[PDB]
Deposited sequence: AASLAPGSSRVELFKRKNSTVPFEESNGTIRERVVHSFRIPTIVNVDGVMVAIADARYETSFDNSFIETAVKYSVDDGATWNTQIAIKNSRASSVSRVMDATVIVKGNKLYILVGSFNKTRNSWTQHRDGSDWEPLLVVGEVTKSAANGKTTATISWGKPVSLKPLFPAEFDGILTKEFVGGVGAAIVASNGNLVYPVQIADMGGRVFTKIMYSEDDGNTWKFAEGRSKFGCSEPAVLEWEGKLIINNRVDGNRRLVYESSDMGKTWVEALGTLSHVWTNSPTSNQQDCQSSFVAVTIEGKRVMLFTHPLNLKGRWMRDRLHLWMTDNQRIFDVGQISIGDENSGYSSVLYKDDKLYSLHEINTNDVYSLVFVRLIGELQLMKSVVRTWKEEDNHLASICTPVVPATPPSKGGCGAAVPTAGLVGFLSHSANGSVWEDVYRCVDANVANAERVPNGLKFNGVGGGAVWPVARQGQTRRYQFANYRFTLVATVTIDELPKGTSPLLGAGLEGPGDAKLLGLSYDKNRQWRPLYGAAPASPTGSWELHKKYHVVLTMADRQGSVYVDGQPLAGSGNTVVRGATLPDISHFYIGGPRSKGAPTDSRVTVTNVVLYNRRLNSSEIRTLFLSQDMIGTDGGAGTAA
């Protein structure tokens, strides 16, 4: 869906220059005051109560203006709401502000962390020092009760506490200036820790992120030792399989994602999963945007939800907010949750009592509202995809493979299984059994579990960099295993392509691949080295092919055994390769008029290098995995 889905709907919950908030004058007096713009949305669930948190930018939408933290809460899933000012600014000047809320929910408590400023008119990373700033922590307590039938709630907000005295003056050399939460919903780890991802500006104005956590419900806080590269900001964190996953805003480049198994002490870039998948615009050289990043359980499966604008317009327009869902292997684009080509921006997502919602910005002429969205259609699609994933994984995991010489052998490998091209194919499309990334086809005829190629450019292109803006197979530049069953149907004139990974760039370069020749020999291709012939094959005979790439090394297996040359380095230097696509057969839209006469079935893709036992299992069970 290229627009908020059929069945879904929204209301303008925080309405620009319309909705009022109970502004408290210096004398305790209270007056309902109109607010120019509502920005920086977060929506969470506290003990069955929806709490929507936001910047109330009273006079203008500008960052350096008079702002307070507004809250709207509901006990009836959005039928009705009450409004509060949860956090007052210092009132030091006409630009005093409390802003950019980051929120953790634990039990009936809300922990809110905001940046507080008194009088500066320029941007926080460019301040001369931290004198105008304070990081404020505020705790809110939700209390329920019920009239005759009807439930009601109140939220009591405490006095802000400055965490500035807890901020180190330096980090491993780095002289600190200010810090603020990463924006949005953060978490309680499974060990009960309060975990805030934060963004830190150093004196020279560099930005980087770290984890600030509490083991005692907010009494004390610690800054973990690890950090992101410089240039990361507005970090969002979630917990996945015993690790923190930190998803960073990165202005002017692709988004960096890190993992930490030790509560932030050590960070490692998520090169084999999520790092660099998402970005700020088609060309990636634009201002980035905040993203929500939340772990949920759908149809019994744990998954991650990620939101971000395509920003086809560029700069801060932030049009076309999308929602993605991933289980750390497959990444599914649920679609566009904003409407048409409206400008959106910062966002929040929440799964509560089996219903999906979003609170996000809409922007016309830099006057901003927050819409509260019921993601009905989206959730239906999501549930269907999750069921597809569980069902195929369980099916493959349940196959009885041959016992090997030492009831069944080891399971058909499913951990790290990203995509699968098998039986379903139609027109110019070879369908991903996992419903995320299809392959594009030309000059093919359907056969059981795959395709037979015949004609110029006969073959399939499984896009990698060619996915474009969002690169869901970006992991392959770091490591992959590509598997397939093949037959060579006709002898080639000289050398013809069968399977591999192509590289972006001039020429027709390959990272790793396999070709075959007129002498009936294999020609494995290892990076840029001369592809010399080895071995022997026979026309028509089915062969199992596996390509593995990890640690910048490449191996090619036929029938479970490595071909000569395997284990060689395929890429040099430290710059990640830039794979354009995986080719199957001899696809082309130009260049040599390649016509590889081969039939390929059951092409499997993993985001790791499979071990030798796993490879043999696949070789032994190849007539068992097809979708039929």
What portions of the deposited sequence, indexed from 1, have no corresponding C-alpha atom in the structure? 407 to 412, 635 to 641
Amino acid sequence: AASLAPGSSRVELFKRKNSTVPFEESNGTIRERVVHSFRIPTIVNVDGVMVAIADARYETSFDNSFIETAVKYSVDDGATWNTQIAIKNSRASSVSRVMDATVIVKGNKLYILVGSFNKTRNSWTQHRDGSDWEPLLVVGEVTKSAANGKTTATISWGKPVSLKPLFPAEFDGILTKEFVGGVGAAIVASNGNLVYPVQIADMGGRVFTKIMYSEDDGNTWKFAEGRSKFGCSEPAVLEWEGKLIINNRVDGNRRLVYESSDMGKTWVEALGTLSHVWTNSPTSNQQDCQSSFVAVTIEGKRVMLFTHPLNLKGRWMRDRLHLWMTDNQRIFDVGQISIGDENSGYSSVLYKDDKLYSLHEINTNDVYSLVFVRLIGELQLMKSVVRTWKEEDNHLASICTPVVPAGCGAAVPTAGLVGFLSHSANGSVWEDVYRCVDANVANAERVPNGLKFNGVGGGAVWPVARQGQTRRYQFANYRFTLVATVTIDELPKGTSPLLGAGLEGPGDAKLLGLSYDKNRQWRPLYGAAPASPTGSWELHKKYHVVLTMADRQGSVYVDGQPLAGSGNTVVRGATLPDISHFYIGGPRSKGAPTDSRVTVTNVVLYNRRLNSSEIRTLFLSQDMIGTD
From here on, numbers count along this sequence of modelled residues.
Comparing 80 to 88 with 383 to 391, the one whose average Cα B-factor in the PDB entry is higher: 80 to 88
Which is higher on mean Cα B factor in this entry, 331 to 339 or 214 to 222? 214 to 222
Out of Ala406, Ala460, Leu482, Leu396, whose C-alpha atom has the biggest B factor in the entry? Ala406
Among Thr548, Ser515, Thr176, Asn193, the highest C-alpha B-factor in the PDB entry belongs to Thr176
Tertile call for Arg254 (CA temperature factor, within chain, third-based) is the lowest
The third of the chain into which the C-alpha temperature factor of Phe619 falls is the middle
Ranking every modelled residue in this chain by its Cα temperature factor as given in the entry, which third contains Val604? lowest
With respect to C-alpha B-factor, does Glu170 fall in the lowest, middle or highest third of the chain as deposited? highest
Thinking about Cα B factors across the chain, which third does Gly585 belong to? lowest
